[PDB]
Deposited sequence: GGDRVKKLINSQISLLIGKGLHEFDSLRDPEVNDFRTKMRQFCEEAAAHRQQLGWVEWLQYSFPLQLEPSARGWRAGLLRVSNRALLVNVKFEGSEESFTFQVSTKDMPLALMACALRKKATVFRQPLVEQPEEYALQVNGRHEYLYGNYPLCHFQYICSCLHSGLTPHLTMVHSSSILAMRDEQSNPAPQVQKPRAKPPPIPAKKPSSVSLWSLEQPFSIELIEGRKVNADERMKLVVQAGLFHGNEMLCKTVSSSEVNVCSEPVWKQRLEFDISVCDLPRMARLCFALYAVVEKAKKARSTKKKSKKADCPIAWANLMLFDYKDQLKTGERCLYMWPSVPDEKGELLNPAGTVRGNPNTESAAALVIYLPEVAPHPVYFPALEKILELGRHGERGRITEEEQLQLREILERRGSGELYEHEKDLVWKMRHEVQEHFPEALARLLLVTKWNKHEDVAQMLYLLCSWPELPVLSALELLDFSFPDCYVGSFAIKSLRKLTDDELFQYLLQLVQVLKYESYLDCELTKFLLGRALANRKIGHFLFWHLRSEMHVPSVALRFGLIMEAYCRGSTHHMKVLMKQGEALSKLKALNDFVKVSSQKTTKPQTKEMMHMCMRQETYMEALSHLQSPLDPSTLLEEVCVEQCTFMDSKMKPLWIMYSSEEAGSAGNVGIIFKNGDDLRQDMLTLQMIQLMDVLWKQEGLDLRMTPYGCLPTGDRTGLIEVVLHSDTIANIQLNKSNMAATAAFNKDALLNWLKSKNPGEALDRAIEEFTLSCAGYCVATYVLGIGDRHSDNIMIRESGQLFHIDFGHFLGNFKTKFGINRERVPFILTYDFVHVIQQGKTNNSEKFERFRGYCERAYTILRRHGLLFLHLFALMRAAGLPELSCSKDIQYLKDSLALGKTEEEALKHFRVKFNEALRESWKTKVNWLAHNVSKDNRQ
């Protein structure tokens, strides 16, 4: 049928790779994933097309709640009905529920239309005007992110009563069309030859090989003999590893490194000793090696796709038996692990276990005590599983059976513990499956908060079909917002040839699950395609002609029918809730920096003031570190909000969408501190002293009694960013990367440097901001000390959740960020959060650091 061919060409267009390239690989593991995941994703599609209307609202328009609500006061609301142009303004309470507001809107409509109404508030849902956002459920109004937002900014909520029949019509329009353990032989392989090798002919070539189970070496690394450097080196030898074949763990990977000697790395390549169907690998293997920067165990176990250039390493995995040798089944493993011995011991050794499991590296004798007491670890300290898995001898199949027997009876762990187990230092498939089992209780909101880390964890995976891929795909097919961001996180990495196969295969599986959503994502990629061409034209044009003429050239290019069709009426890749309707070509522009980023403005007749939104298209710079930094700041704001602390933060969206390409959400009514401190003449803010400019600017935007609230929004946000930048190690802070909103809210932009990357970043305190906190006064210790308390109270909330940040940053090592790769980078966080110390000692240390920042600020007050 021409529908399947059309869908296939559309999927190929969307994921940035033709589906024909997957079939051309003639790979059983690739094709068996494509069938298995297509079946799974079409099941989800059918389940979804039969959902109730409230469950389809939960799929498409998941609730956006205030972090305090998860797990009185007068309010003016405007409610219109779908199709109608007349609306009703009424004053309800922040503690009233949506159903009461719907009953009140149906009463006003029944009185206005002089008819006794049959419809009931149970048949309706409230849409945020011109938005893919809905208010529903038994939650008071103030609990919704939209109503709470309106309260802070003084604006009036505009809602539309959508009927159950119109909601079902959306659902209907959006339809998809119709034995190893008895082999004590030492492990060995044949190093046959090497092809396309480029190196200095003065030197010699060596091949180093190690056996890994995640990070720990299964045995000592072995090396080949030094051979003369050439394009075709030949060893023809047998390297022998000090490990039995029966003792090979299921997740064992043979890691190779090709290099030149007289240190000079040329290439690296890894492979799994067992295939995806559990069969031990035998035969001739060609390893298309990856360039080097010596063994790389964390690197992928798949060949370099560029075979017309990559250096090859031809090896032979010897046939250990006259029959196919598979990895033993769980029943065979549990039966062997069921016959161990429980460690009965005195309170003296029990005192050490109760201390070293709560208290971090271990001593050799301490590991002997953790393994001996493994049964007591399971029963009394179930959250110490990660310590026990690290003391388990993975190079001993009998010790792996003893561990797996305890794991299979181990109780489900809390999300914080499960997040730790996803780390690469726990590569066992059963340990990953148990960790996924304990993540299933994650709400859509927690899942969305750690989605970026879970996507990086896919890079650590050894096989295509994994529990994490199925978990992520299942949650994405059940929630259109998870699906949206899962698509973009994978799509942004298609240019990386090591993840392109897996990421493109998951994106195809998702696309089968939702034909409609793929067409919405295509519309987004179409706009990004024109933004790329539009940015290029601006880069070339701006270097020859002036800024006003290049901006008019940009507006002419934008006014072409192709650009008007592509750039308008789309969901925002930065927020599916936000509809980018009419491009306001007049207000679009670009910045004066080397990459000339585009500022695209949008408006909406339906959404009103909410519809006037902006996006920034950036091409040339990498946005991955900004996205992570902003996500961590967002996390801080959630944690602070859950303890009743609202520091008025501004975690705007940042979305990488391709190769050095991405979008940033524009924060309207905001300016940089540098622009405000330029002190232009004939402005409502022209100062006598430059220190007054920032405060005068606030006075113009916030007249009379509004200034009091504006100074308080500034102060709260200052305390939030001071702590955030100190904890995260953000440096390169200057007037042009600190912005302020007309409301008084301060915030940071340009997050290219973090984790002190490498000098320890001190606590920063600017006298220009201290002058605002002090309300213009020289001495105002009441206001300044209120601010020190906001810092202290925000810092101690973050320390309480310090393990969550550490576990998230550890998973993020997989992203390959230059300022995030080794223990040294994440050491910065342990220092900033002072996690080794007590709450009194860390607070004393934070006070000394804040005081040392105040003395530096007084070098400006002395002037």
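Where C-alpha coordinates are absent, the deposited sequence of this PDB chain has the segments 1-2, 74-82, 190-210, 295-310, 342-347, 414-416, 815-822, 929-940.
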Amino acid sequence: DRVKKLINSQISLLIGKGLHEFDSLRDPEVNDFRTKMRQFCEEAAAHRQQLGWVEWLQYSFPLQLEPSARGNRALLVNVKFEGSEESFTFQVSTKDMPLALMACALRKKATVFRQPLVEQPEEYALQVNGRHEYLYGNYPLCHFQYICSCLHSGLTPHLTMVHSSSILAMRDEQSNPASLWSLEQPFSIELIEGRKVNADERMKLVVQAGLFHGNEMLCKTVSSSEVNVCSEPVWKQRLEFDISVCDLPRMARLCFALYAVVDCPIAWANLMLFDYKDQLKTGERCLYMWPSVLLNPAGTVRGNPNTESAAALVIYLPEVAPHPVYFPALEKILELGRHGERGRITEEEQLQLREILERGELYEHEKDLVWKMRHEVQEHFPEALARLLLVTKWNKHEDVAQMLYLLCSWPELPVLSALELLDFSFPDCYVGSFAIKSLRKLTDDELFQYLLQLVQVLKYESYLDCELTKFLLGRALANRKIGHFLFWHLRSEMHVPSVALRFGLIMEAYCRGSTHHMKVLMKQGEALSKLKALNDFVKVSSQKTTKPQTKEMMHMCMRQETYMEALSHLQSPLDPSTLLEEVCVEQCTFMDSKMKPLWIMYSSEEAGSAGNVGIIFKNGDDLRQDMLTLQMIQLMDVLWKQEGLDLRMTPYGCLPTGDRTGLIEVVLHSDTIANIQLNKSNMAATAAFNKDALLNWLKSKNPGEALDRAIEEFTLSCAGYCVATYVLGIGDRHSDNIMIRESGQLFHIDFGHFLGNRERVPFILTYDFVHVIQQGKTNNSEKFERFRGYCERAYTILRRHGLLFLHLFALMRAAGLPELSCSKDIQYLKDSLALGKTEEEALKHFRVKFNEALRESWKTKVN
From here on, numbers count along this sequence of modelled residues.
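Think of the rigid core as the biggest set of C-alphas that the two forms share within 1.5 Å after superposition.
The rigid core fit leaves 149-157 as the farther-lying stretch in 7 other deposited structures of this protein, judged by Cα positions and set against 100-108 and 149-157. Remark: when the other structures in 7 other deposited structures of this protein are fitted onto this one via the rigid core, 82-90 deviates more than the alternative among 82-90 and 494-502, judged by RMS CA distance. Modelled in this chain, residue 758 is nonetheless absent from a third or more of the other compared entries whose models extend past it on both sides. Figure legend: residue 202 is marked as unmodelled in at least a third of the other comparable entries of the protein.
On average the C-alpha atoms of 201-209 have higher B-factors than those of the other stretch, with 201-209 and 439-447 being the two compared.
Relative to one another, 238-246 and 642-650 have unequal mean CA B-factors, and 238-246 is the one with the higher figure.
Ranking 702, 629, 677, 179 by Cα temperature factor from the entry places 179 first.
If you compare the C-alpha temperature factors of 164, 309, 514, 717 in the entry, 309 comes out highest. In the PDB entry, residue 116 places in the highest third of its chain by CA B-factor. The PDB entry assigns residue 765 a C-alpha temperature factor belonging to the highest third of its chain's modelled residues. Annotation for residue 824: CA B-factor lies in the highest third of the chain's modelled residues. When the modelled residues of the chain are ordered by C-alpha B-factor, residue 818 sits in the highest third. Among all modelled residues in its chain, residue 227 ranks in the highest third by Cα B-factor.
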